Amino acid sequence: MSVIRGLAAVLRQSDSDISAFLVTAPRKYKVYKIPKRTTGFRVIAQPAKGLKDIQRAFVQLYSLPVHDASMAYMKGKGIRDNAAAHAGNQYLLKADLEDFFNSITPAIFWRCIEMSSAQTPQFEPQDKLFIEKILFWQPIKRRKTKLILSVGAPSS
DNA sequence: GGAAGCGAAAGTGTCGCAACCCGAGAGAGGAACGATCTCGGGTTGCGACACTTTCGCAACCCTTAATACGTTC
């Protein structure tokens with residue numbers, strides 16, 4: 001069963017238990033408000049411990065392509081490298097993205113899978129439903145089709 | 001995404017005011033009958049404004065978080 005089999009192998013848990021856990025998994029988030037530095041609050045949704053472990057095992061199991069221009073969440077690279085890339089230069093064009101993490105839906109993730117220029121792990125159609133449960137957060141309880149990436153999750 | 005309150009924005013009805021019309025009437029002149037100006041309703045058009053509808057700001061944070069110290073998203 002591909003993905004669930006690998007997750008069971010890594011997490012030392014039965015396939016049936018992991019499959020049963022990944023049914024209401026997108027709802028398994030605890031959301032809290034962290035203070036902003038000047039004023040206001042920031043809403044962060046953090047998954048439960050079991051879902052966190054599942055996400056960590058999944059991201060360790062499957063390696064997705066990343067670019068060398070990305071300096072965030074990369075091993076050995078951080079703030080200093082990002083700043084030093086433009087240390088010797090004169091003009092700059094700092095830009096931002098509009099609600100970046102919450103704008104990544106399962107449709108976007110699956111679309112980017114199929115048109116990638118680099119190697120992409122092969123996903124069976126049976127596990128494509130489980131991938132969405134593993135990765136994405138479901139912020140409204142009544143709406144089940146609204147799935148977005150949540151900052152504060154290990155896989156995001 | 002969107003409680004509960006509330007207010008913006010836009011559309012629609014309404015209602016009072018002005019403007020005019022039309023019949024009644026006392027009676028100017030000058031020798032009678034009724035000119036002419038006013039009283040009392042009545043109708044219509046119009047525009048300011050009240051009323052009506054829709055939208056949008058943004059509580060809470062869901063059962064489900066972790067808690068050596070600092071930046072960053």
Side-chain angles (χ1 to χ4, degrees), chain A residues 3-4 6-8 10-113 116 118 127 129-156:
Chain A
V3 169
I4 290 316
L7 263 49
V10 189
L11 293 184
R12 280 96 65 187
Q13 293 179 356
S14 77
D15 291 331
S16 81
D17 286 334
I18 290 174
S19 286
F21 192 89
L22 302 167
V23 185
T24 184
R27 213 72 198 83
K28 268 150 184 306
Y29 283 65
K30 160 72 139 162
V31 65
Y32 49 89
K33 293 188 316 165
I34 66 161
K36 276 177 164 239
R37 264 149 185 157
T38 47
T39 187
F41 281 101
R42 208 169 266 262
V43 178
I44 309 289
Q46 186 175 180
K49 311 183 38 53
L51 182 57
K52 262 195 283 204
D53 298 337
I54 290 181
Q55 293 177 328
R56 296 214 191 79
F58 173 77
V59 298
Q60 273 300 90
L61 183 62
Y62 304 78
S63 179
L64 306 169
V66 294
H67 203 245
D68 291 331
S70 303
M71 295 296 172
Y73 320 121
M74 315 276 288
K75 311 276 189 174
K77 274 196 306 208
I79 286 308
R80 203 201 53 209
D81 289 330
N82 189 11
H86 316 285
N89 261 317
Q90 189 170 28
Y91 321 113
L92 73 165
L93 180 48
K94 187 268 183 182
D96 207 57
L97 289 146
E98 198 184 278
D99 213 22
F100 174 72
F101 274 97
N102 280 13
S103 284
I104 296 168
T105 51
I108 297 169
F109 173 60
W110 291 124
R111 172 145 47 61
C112 284
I113 301 299
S116 79
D127 56 58
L129 269 296
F130 292 157
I131 300 299
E132 298 172 17
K133 293 182 183 293
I134 289 163
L135 300 182
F136 294 92
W137 170 44
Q138 180 200 133
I140 311 300
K141 187 269 183 182
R142 283 82 58 85
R143 206 175 316 174
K144 293 182 183 293
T145 61
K146 171 143 166 55
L147 288 166
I148 58 170
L149 269 194
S150 174
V151 70
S155 74
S156 281

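Chain identifiers are assigned alphabetically (A, B, ...) following the order of the sequence lines, protein sequences preceding nucleic acid strands; residue numbering begins at 1 within each chain. The analysis underlying the following values was restricted to heavy atoms, covering all of them including side chains, and did not include hydrogens, waters or symmetry mates.
Ranking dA66(B), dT64(B), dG1(B) by closeness to the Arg143(A) side chain, first place goes to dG1(B). If you check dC62(B), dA65(B), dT71(B) against the side chain of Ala48(A), the one that comes closest is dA65(B). The side chain of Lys33(A) approaches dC61(B) more closely than any other nucleotide in the set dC73(B), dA66(B), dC61(B).
Its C1'-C2'-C3'-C4' torsion being negative, the sugar of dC39(B) is assigned to the south family.
In terms of position on DNA chain B, the residue among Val31(A) and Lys52(A) whose nearest nucleotide sits closer to the 5' end is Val31(A). Across the interface with DNA chain B, nearest-nucleotide mapping of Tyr29(A) and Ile140(A) shows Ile140(A) to be the residue nearer the 5′ end.
Going from atom NZ of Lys94(A) over to atom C1' of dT72(B) covers 12 Å, rounded to whole Å. One can place OH of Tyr32(A) at 14 Å from P of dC61(B), the figure rounded to the nearest angstrom. Protein atom CD1 of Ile34(A) is 16 Å distant from nucleotide atom P of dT67(B), rounded to whole Å. The interatomic distance linking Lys144(A) (NZ) with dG1(B) (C1') rounds to 16 Å, in whole Å. Whole-Å rounding puts the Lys146(A) NZ to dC61(B) P distance at 19 Å. The interatomic distance linking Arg56(A) (CZ) with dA65(B) (P) rounds to 12 Å, in whole Å. Note: CD (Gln138(A)) to P (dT63(B)) measures 13 Å, nearest angstrom. Protein atom CD1 of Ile44(A) is 15 Å distant from nucleotide atom P of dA65(B), rounded to whole Å.
Residue contacts shown for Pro47(A) are limited to sugar-phosphate atoms, with no base heavy atom under 4.0 Å away. Note on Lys141(A): nothing from the nucleic acid sits closer than 4.0 angstrom, heavy atoms only.
The partner of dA48(B) is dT14(B), by the rule that a Watson-Crick or G-U pair needs both atom distances under 3.5 Å.
Atom name P, nucleotides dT63(B) and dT67(B): the rounded distance is 23 Å, in whole Å.
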Before you tell me yes or no, could you show the steps for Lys36(A) and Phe41(A) under side-chain contact (heavy atoms from CB on, under 4.5 Å), namely the whole-Å CA-CA distance, both residues' side-chain angles and the distance that decides it to 0.1 Å?
CA-CA 5 Å; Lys36(A) 276 177 164 239; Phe41(A) 281 101; 5.9 Å; no
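With a 6.0 Å cutoff to the six-membered ring centre and a 45° limit on the axis angle, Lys28(A) counts as a cation-pi contact of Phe21(A).
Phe136(A) places a side-chain heavy atom less than 4.5 Å from the side chain of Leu149(A).
Between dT64(B) and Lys30(A), a contact under 4.0 Å exists linking OP1 or OP2 to a side-chain N or O. Distances shown here put a side-chain N or O of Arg37(A) below 4.0 Å from the OP1 or OP2 atom of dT72(B).
Within 3.5 Å, a donor on the side chain of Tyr73(A) pairs with an acceptor on the base of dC73(B), or the reverse.
Stacking between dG30(B) and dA31(B) holds, as the six-membered ring centres sit under 5.5 Å apart and the ring planes differ by under 30°.
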